[PDB]
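See below for the structure under consideration.
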Amino acid sequence: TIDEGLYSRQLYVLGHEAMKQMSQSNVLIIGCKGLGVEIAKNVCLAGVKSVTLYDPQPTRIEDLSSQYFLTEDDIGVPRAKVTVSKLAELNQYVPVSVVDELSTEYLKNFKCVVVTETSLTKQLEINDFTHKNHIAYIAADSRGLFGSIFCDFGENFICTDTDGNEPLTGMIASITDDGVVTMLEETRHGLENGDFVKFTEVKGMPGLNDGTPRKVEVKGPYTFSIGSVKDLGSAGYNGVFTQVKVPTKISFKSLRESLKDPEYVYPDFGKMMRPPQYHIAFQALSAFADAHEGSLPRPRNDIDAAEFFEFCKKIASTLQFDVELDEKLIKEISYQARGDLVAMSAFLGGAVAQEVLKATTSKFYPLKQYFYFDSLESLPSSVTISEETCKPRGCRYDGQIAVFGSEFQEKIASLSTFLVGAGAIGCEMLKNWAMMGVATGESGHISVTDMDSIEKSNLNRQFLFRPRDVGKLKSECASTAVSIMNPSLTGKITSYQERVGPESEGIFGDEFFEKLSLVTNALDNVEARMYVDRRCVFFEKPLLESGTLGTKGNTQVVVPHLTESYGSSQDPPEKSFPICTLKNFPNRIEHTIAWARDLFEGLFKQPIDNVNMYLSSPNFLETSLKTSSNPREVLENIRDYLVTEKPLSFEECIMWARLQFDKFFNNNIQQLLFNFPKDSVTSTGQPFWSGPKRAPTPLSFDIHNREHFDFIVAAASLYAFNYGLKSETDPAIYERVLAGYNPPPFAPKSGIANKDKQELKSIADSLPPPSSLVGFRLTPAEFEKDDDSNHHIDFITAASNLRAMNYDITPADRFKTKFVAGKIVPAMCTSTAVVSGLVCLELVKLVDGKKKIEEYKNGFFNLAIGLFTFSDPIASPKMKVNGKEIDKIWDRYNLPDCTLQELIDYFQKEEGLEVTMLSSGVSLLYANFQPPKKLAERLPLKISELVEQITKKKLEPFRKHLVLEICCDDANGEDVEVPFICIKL
Amino acid sequence: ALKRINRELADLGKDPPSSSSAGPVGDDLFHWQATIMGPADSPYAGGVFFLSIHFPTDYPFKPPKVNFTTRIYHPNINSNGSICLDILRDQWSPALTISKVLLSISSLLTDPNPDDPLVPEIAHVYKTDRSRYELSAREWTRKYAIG
Ligand SMILES: Nc1ncnc2c1ncn2[C@@H]1O[C@H](COP(=O)(O)OP(=O)(O)OP(=O)(O)O)[C@@H](O)[C@H]1O
Ligand SMILES: [Mg+2]
Ligand SMILES: [Mg+2]
């Protein structure tokens, strides 16, 4: 019943059972400020059964510092009543309500209770009831640059998945009678001691196929032991083992009991003595609020700081905490008590929403129990922060001014950023910039570029879009939405529809890139990331990269002249299977899926393109005869798709589908078995179909079978679409037409003048002339996974399952086929929120212009296990050139537009280096091993003229520089690396 | 990338491979037209085979793409010229020169590997009727690999 057209990406993270259990849970949220609204948004997008809000406090202006569903026309109205209407639109399956008053018994109606902006006494009163009634209780708090999370899911929490990883599966070479199991060649199982596994498709030991879990004894990186298997058999040949995961019982402690003896979670290992400080500090904040009618300490006030420290001392004495309080840090917590940032709110909202999903679905390992976080390194130091500058000014930025001050607000308001991409991270980044007030001054500006269009599956984690916006450009919708959120950004945002790449240099040129202040990436492919990194390196602009994958996320910051660039780090490459494995000898479902995709492309895409090009290009045949690798194949495809096998109705399409079934699942296997019989042996006497090779078996077409019928339907529908006919789905027509089919006789064949040319000429003279068919075009089938009515994934699944039946491989359903064929990347809204929060916390460091490399942090996190880590950026490598210090990445040579000979002489004289190779991009301009005549012809030419002559392409009018890569040798003959040359045209 | 390619090209220039001659197409450093000479003690004796080499962007951290152009009757080479070679898929390391790859391809030409073929019919003919395989290889290398 799960709408897989909307939760497509989330299901690959959670699953069908997890979401089905999640759609039956009620969540109550107390407090509707920035953190509360963020949690509510993430929960609503997640897909819980319902959400209830409770916040009777009337709105104030400063509450807009992080609440993006509030407007200045709502001042004086309770926050819940003005937030419910805007929250109800995020998801149509998640009703949102508001309760006027909250009685304790009412809490029995919900599955999870989230508490924010609530005093300690009320939290204790609520928890004393939600603990003994087995209701999950999550309490969050955000004070300035500090945050706290507390989780309590009862004393008998049952966790099914504890790490978020899929069960470990592997293919077995053989199993002895002593329980020793070995993987295939050079394959590591990766199991640990004490795990449980089950065996399937094991030959010789059918008893082990039941699935009863067995103990695992790791005997090595490639072998392990399971015990005694004497009774069931003596030896097992082949098979697949799958890990079995057992539930874990986690027992939480109530808030009242855990106040005295807390259990901490450390978000960073460089500072592990702080959480004991924050535990006292937050309780002191609550006590101070209770002692002054709920009013937190004023920003940067010394008297309130002293009183807060007295309260901290009293609390520490009362609770028998043997910890020496840190006056500086505690008073810092006091100063930023009234702060309210959107980056901290986004980070904690993502974390708490993930905790809510953990509580509802009984999946992943939750926080146990306290999580205290701080980003105090983001506090500016180049401006004046004091009581005079941090006082509120009666504006919507008070929650930020109380932390950073008015001067830093002016610094933020004059930014000129550039956001690449408008995905989920792009939407969150734009929201954060709108809330922070980025580029709201006279000299500020924002630019966002993206060339994709909104789809239904994107609405699950991109909250700036609506179902009515499907099909429109992302950048325009995002800019309009964020202008609505913050009216001051009206006219300060420019949205492009251009793909960032080599062809867009006419728009994103030197003039555009010389006015920016920073560049933020929200992309999803490595190529565009590398290109943007190179452009930033050339123009010396700070860059902010951020990526997500399911529940994992990372953020990196690149600073000019300080840290290394994005391209300095290399990631593991994608895995490509051997051609011989896909063509003849598959052994996994991925191989069959790849083969099915190739079959789809070669059946419904390439012949159509050849036919269309023949009917468009006047001289296609002659060029194809002497250019194409298989001109005979092209001619046969044209003949088959024009004359020989041109359908006239749907019955002929069904006949062709049956013919292709026989041709690809019955005859090719027969030929392969004829070439390599099942009893054949290698040159060494070993059996052939052994180990990584499985003996196939031809398929006989049984109409009553489901897979055969599915393949026939899909192939007939795709062929009819190619010829623009009308497809049908009733089984009656298929059964009737396929009943009267006579399979042509087939037998394997051993093989054994200008006749070939005359054969080609016979094919050619049979082709109808191009002029006879004018305006007749065939529609190629462009693969589209996201559409469910185009018969693409259905055909791929059917073909993959049929080939798996050929080679006795376990078939996969349409879910896994769609996941594999489409290269779908799992994604979550919570991960997006967290990465946006981290990026925006680094942005305030970038604005302040911090110089030391110890003040920046690259972040990594995994929400399936509650892991957060931060490490300093890697410094840019240095080098010695002519006895001088040179930065390897952020240095260049600036030279005029001189002749090649003058350039060589300059390098010989000024740098004392001999130039041995000079290239411009992918063209070799000059080399020391070229013949003298060519050099003498090229030496007296200017660099621009030389480049134009070599590349056979005139320089564009907007071109203003040339980047030259030069390899030069020293006087002794030793190669020395030098930075690139920036020729100024 | 570019520096490594230039180093390899200079090394090829200094030492003539005799049996091989690789060089960039036109002036593009990411497209080479390599030449291989048929081994003497092989059915492909007296034949010249031209190969297309495309270097990846992340070279040498990724293996190059090598495709035959002259038609060859070999068990491990199909009609499109694709090569079933170990040092081009997983055994590639950022230490092997293009001369090493050309030598490996020459060795593969010297003696095929029918145990794990790419064109089953050719491998079957090789394993069953060796003389017919020799005749077919000589006919193909005379029709296509000469002139
Ligand atoms: N070279 C590029 N220049 C500009 N924008 C780009 C470039 N490459 C990708 N993008 C944009 O980056 C965004 C990537 O976001 P995301 O991956 O979340 O969305 P998607 O790819 O459309 O969705 P999904 O992966 O869930 O099918 C998309 O808007 C894509 O258009
Ligand atoms: Mg898209
Ligand atoms: Mg994407």
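Label separation (A:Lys391 vs A:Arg777): 7.1 nm, computed from points 7 Å beyond Cα along the C-beta direction.
For trypsin sites (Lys or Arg not before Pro), the sites in segment A:12-102 that DSSP calls loop and that have at most 16 other Cβ atoms within 10 Å are A:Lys49, A:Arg60. Extending 7 Å from Cα along the Cβ direction at A:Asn193 and again at A:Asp975 yields two label points whose distance is 5.0 nm.
What does the C-alpha gyration tensor say about the overall shape of chain A? Classify as rounded when a/c is under 1.5, otherwise prolate if a/b is larger than b/c, or oblate. Please report the intermediate quantities before stating the final value.
On the way: a/c = 1.83, a/b = 1.30, b/c = 1.41.
Judged from the Cα gyration tensor, chain A comes out oblate (a/c at least 1.5, b/c at or above a/b).
With contacts taken as Cα pairs under 8 Å at a separation of at least 6 residues, segment A:892-985 carries a relative contact order of 40 percent. Using the basic label-point model (7 angstrom from Cα toward the beta carbon), what is the A:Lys933 to B:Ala45 distance in nanometres? Roughly 3.7 nm, to one decimal. Counting only residues at least eight positions apart within a chain, or on another chain, the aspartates and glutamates with an alpha carbon under 19 Å from that of A:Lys492 are A:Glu410, A:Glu428, A:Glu442, A:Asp450, A:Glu476, A:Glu511, A:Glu514.
Shown for A:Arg468, A:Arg658, B:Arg4: other C-beta atoms within 10 Å of each C-beta, ranked fewest to most, produce the order A:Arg468, B:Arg4, A:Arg658. Just to be sure I understand: of the beta bridges DSSP finds with both ends in segment A:366-520, what percent are antiparallel, rounded to 5? The antiparallel proportion sits near 10 percent. Each of A:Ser119, A:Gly147, A:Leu941 was scored by the projection of its Cα onto the charge dipole of chain A, and the greatest displacement toward the positive side belongs to A:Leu941; charges sit on the C-beta of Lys, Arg, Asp and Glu. For chain A, give the share of DSSP beta bridges that are antiparallel, in percent and rounded to the nearest 5; count only bridges with both residues there. So the antiparallel bridges amount to about 70 percent of the total. Between A:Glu166 and A:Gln671, what FRET efficiency comes out of the Förster formula 1/(1 + (r/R0)^6) with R0 = 45 Å and r the beta carbon distance, rounded to 0.05? With a Förster radius of 45 Å, E is 0.75.
Rounded to the nearest 0.05, the FRET efficiency derived from the C-beta distance between B:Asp129 and B:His54 at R0 = 35 Å is 0.45. The fewest-to-most ranking of B:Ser20, A:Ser649 by surrounding Cβ atoms within 10 Å reads A:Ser649, B:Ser20. Net charge dipole, segment A:860-985: roughly 600 debye, given to the nearest 20, about the Cα centre with Cβ charges of +1 for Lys and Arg and -1 for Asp and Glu. Candidates A:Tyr531, A:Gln570, A:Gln686 compared by Cα position along the dipole of the protein assembly as shown: farthest toward the positive end lies A:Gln686, with charges placed on Cβ. Expressed as a whole number of Å, what is the distance separating the alpha-carbon centroids of segment A:327-374 and segment A:741-808? Segment A:741-808 and segment A:327-374 have Cα centres spaced 59 Å from each other.
Dipole magnitude for segment A:570-824: computed about the Cα centre from +1 point charges on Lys and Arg Cβ and -1 point charges on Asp and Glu Cβ, it is near 720 debye.
A straight Cα-to-Cα reach below 16 Å connects A:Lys49 with the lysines A:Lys20, A:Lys41, A:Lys108, A:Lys111, A:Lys358, residues fewer than 8 places away in its own chain not being considered.
Taking the Cβ of A:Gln123 as the center, what net charge do the other residues with Cβ under 13 Å away carry, scoring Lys and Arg +1 and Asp and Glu -1?
After counting each charged neighbour, the total is -4.
With the charge dipole of segment A:892-985 set up from +1 on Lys and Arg Cβ and -1 on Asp and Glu Cβ about the Cα centre, the Cα lying farthest toward the positive end among the listed residues A:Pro896, A:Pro957, A:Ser920 is that of A:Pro957. A:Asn668 sits among other residues whose Cβ lies under 11 Å from its own Cβ, and their net charge, with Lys and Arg +1 and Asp and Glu -1, is +2. Among the GluC sites (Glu not before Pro) in segment A:139-204, those placed in a DSSP loop whose Cβ has at most 11 other Cβ atoms within 10 Å are A:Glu185, A:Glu186, A:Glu192. Alpha-carbon geometry of segment A:570-824: the Rg and the Dmax are 19.9, 61 Å, given in that order. Using only side-chain charges placed at the Cβ, +1 for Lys and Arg and -1 for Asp and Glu, the dipole size of chain A relative to its Cα centre rounds to 1560 debye. Just check segment A:255-399 against the gyration tensor rule for me: Cα atoms, a ≥ b ≥ c as the square roots of the eigenvalues, rounded for a/c under 1.5, and otherwise prolate or oblate depending on whether a/b exceeds b/c. Oblate, because a/c is 1.5 or more while a/b does not exceed b/c.
The GluC sites (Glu not before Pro) of segment A:280-338 that meet both conditions, a loop assignment by DSSP and at most 11 other Cβ atoms within 10 Å of the site Cβ, are A:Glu293, A:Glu324.
Because the Cβ atoms are built from the backbone with ideal geometry, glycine has one as well, and the counts that use them run over all protein chains shown. Bear in mind these aren't lab numbers, they're just calculated from the coordinates by the rules spelled out.
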